[PDB]
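Data file: my_file_8.txt. Format and content: compact mmCIF, C-alpha atoms.
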```txt
# COMPACT_ATOMS: atom_id res chain seq x y z
CA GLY A 1 84.17 73.72 119.82
CA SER A 2 87.52 75.39 120.40
CA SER A 3 89.66 72.54 121.67
CA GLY A 4 91.45 70.76 118.85
CA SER A 5 92.73 73.79 116.98
CA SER A 6 93.25 75.77 120.17
CA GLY A 7 95.25 72.95 121.71
CA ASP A 8 96.97 72.64 118.35
CA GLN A 9 98.07 76.26 118.22
CA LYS A 10 98.87 75.97 121.91
CA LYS A 11 101.80 73.68 121.23
CA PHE A 12 102.87 75.83 118.30
CA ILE A 13 102.65 79.11 120.16
CA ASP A 14 104.31 77.55 123.18
CA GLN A 15 107.18 76.36 121.01
CA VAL A 16 107.54 79.96 119.89
CA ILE A 17 107.44 81.31 123.42
CA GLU A 18 110.57 79.32 124.20
CA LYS A 19 112.33 81.10 121.35
CA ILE A 20 111.12 84.39 122.79
CA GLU A 21 112.20 83.53 126.32
CA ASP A 22 115.67 82.64 125.12
CA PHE A 23 115.80 85.81 123.06
CA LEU A 24 114.66 87.75 126.10
CA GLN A 25 117.31 86.03 128.19
CA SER A 26 120.19 86.98 125.92
CA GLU A 27 121.47 90.51 126.44
CA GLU A 28 123.18 91.34 123.17
CA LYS A 29 120.10 90.10 121.34
CA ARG A 30 118.23 93.18 120.19
CA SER A 31 115.69 91.66 117.84
CA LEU A 32 114.45 88.12 117.34
CA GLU A 33 113.34 86.56 114.08
CA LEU A 34 110.53 84.02 113.96
CA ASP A 35 109.47 81.75 111.12
CA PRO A 36 107.19 83.06 108.36
CA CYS A 37 103.64 82.02 109.17
CA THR A 38 101.19 81.12 106.43
CA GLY A 39 98.41 83.30 107.79
CA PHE A 40 96.32 81.93 110.64
CA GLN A 41 99.30 80.98 112.78
CA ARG A 42 100.68 84.46 112.19
CA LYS A 43 97.56 85.95 113.74
CA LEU A 44 97.97 83.50 116.60
CA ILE A 45 101.49 84.65 117.40
CA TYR A 46 100.40 88.28 117.43
CA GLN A 47 97.32 87.29 119.38
CA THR A 48 99.34 85.52 122.04
CA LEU A 49 102.11 88.09 122.24
CA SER A 50 99.18 90.47 122.47
CA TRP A 51 98.79 89.46 126.10
CA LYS A 52 101.89 87.32 126.37
CA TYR A 53 103.96 90.43 125.73
CA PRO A 54 101.96 93.65 125.36
CA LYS A 55 104.66 95.98 126.64
CA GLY A 56 108.32 95.03 126.49
CA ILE A 57 108.82 93.81 122.94
CA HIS A 58 107.89 95.03 119.48
CA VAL A 59 106.49 92.58 116.96
CA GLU A 60 106.92 93.49 113.31
CA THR A 61 106.42 91.75 109.99
CA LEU A 62 109.42 92.15 107.72
CA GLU A 63 109.49 90.86 104.16
CA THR A 64 112.59 90.08 102.14
CA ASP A 65 113.53 87.97 99.14
CA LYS A 66 114.03 84.53 100.64
CA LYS A 67 113.12 85.46 104.19
CA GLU A 68 109.89 86.85 102.79
CA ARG A 69 107.25 88.08 105.20
CA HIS A 70 108.47 86.78 108.53
CA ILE A 71 107.61 87.76 112.09
CA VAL A 72 110.32 89.73 113.86
CA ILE A 73 110.52 90.82 117.48
CA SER A 74 112.47 93.71 118.96
CA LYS A 75 113.58 94.89 122.38
CA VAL A 76 111.23 97.50 123.80
CA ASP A 77 111.05 99.36 127.09
CA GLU A 78 108.28 100.87 129.18
CA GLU A 79 109.95 104.21 129.86
CA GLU A 80 110.77 104.74 126.20
CA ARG A 81 107.16 104.17 125.21
CA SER A 82 105.19 107.36 125.70
CA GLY A 83 102.03 105.50 126.64
CA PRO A 84 98.46 105.30 125.31
CA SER A 85 97.76 107.01 122.01
CA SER A 86 94.15 107.94 122.67
CA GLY A 87 95.09 109.59 125.95
```
Target encoding structure tokens, full file:
Amino acid sequence: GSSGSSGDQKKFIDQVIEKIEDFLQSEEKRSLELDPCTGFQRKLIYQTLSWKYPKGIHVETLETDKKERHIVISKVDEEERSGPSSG
């Protein structure tokens, strides 16, 4: 099928994007913190950002006490990055 769920995660992901955009806009901002996904959604985020933002930001999953495992983004640069691992 791929329509209901897709369109469902589309609104969710989109909502996230906004957060990203804003975060990207801000200068001081160095790392953004997203909400802790349950599982599927989490994969979605990463999936989207996979193409939505392959090079430029760094997505990481940090886990705390109350914050628990939550998605976190960071400011990345092209230059900094060496390039492809394989080579």
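Among the candidates A:81, A:75, A:52, A:66, the residue lying nearest to residue 28 of chain A is A:75 (atoms considered: only C-alpha atoms).
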With all atoms of segment 68-84 of chain A from the file as input, state the centre and edge lengths in Å to one decimal of the axis-aligned box that has 5 Å extra on each side, as lines of an AutoDock Vina configuration file.
```
center_x = 106.0
center_y = 97.1
center_z = 116.3
size_x = 25.1
size_y = 30.6
size_z = 37.1
```
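The neighbours of residue 8 of chain A here are the residues that come within 12 Å of it, using all atoms listed in the file and leaving out any residue fewer than 6 positions away in the same chain; they are residues 2, 14, 15, 41 and 44 of chain A.
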field: Exercise: residue 73 of chain A partners within 6 Å, all atoms listed in the file, chain neighbours under 4 positions left out, as a ChimeraX atom specification
entry: /A:31-32,58-59
Generate the output file for the selected residues, C-alpha atoms, as a PDB file, keeping the file's coordinate frame.
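Full text of selection.pdb as output:
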```
ATOM      1  CA  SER A  31     115.690  91.660 117.840  1.00  0.00           C
ATOM      2  CA  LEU A  32     114.450  88.120 117.340  1.00  0.00           C
ATOM      3  CA  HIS A  58     107.890  95.030 119.480  1.00  0.00           C
ATOM      4  CA  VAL A  59     106.490  92.580 116.960  1.00  0.00           C
TER       5      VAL A  59
END
```
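Remark: for residue 30 of chain A, the closest of the candidate residues A:61, A:50, A:74, A:86 is A:74 (distances computed over all atoms listed in the file).
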- request: Give me, please, the distance in Å between atom CA of residue 39 of chain A and atom CA of residue 9 of chain A, quoted to one decimal.
  value: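 Distance between the two atoms: 12.6 Å.
Nearest to residue 45 of chain A of all the residues A:27, A:65, A:60, A:80 is A:60, counting only C-alpha atoms.
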Tell me which residues come within 7 Å of (112.5, 84.9, 114.1), as a PDB file with C-alpha atoms, keeping the file's coordinate frame, counting all atoms listed in the file in the file's coordinates.
```pdb
ATOM      1  CA  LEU A  32     114.450  88.120 117.340  1.00  0.00           C
ATOM      2  CA  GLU A  33     113.340  86.560 114.080  1.00  0.00           C
ATOM      3  CA  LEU A  34     110.530  84.020 113.960  1.00  0.00           C
ATOM      4  CA  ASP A  35     109.470  81.750 111.120  1.00  0.00           C
ATOM      5  CA  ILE A  71     107.610  87.760 112.090  1.00  0.00           C
ATOM      6  CA  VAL A  72     110.320  89.730 113.860  1.00  0.00           C
TER       7      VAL A  72
END
```
- line: The residue from A:29, A:10, A:42, A:19 with the smallest atom-to-atom distance to residue 69 of chain A, counting all atoms listed in the file, is A:42
message: One number please: atom CA of residue 17 of chain A to atom CA of residue 49 of chain A, in Å, one decimal.
response: 8.7 Å
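Restricting the calculation to all atoms listed in the file, the smallest distance between residue 55 of chain A and any of A:5, A:70, A:77, A:40 is found for A:77.
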field: d(atom CA of residue 62 of chain A, atom CA of residue 6 of chain A) in Å
entry: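 Computing the Euclidean distance for atom CA of residue 62 of chain A and atom CA of residue 6 of chain A yields 26.2 Å.
The smallest atom-to-atom distance between residue 20 of chain A and any of A:1, A:87, A:56, A:36, using all atoms listed in the file, is found for A:56.
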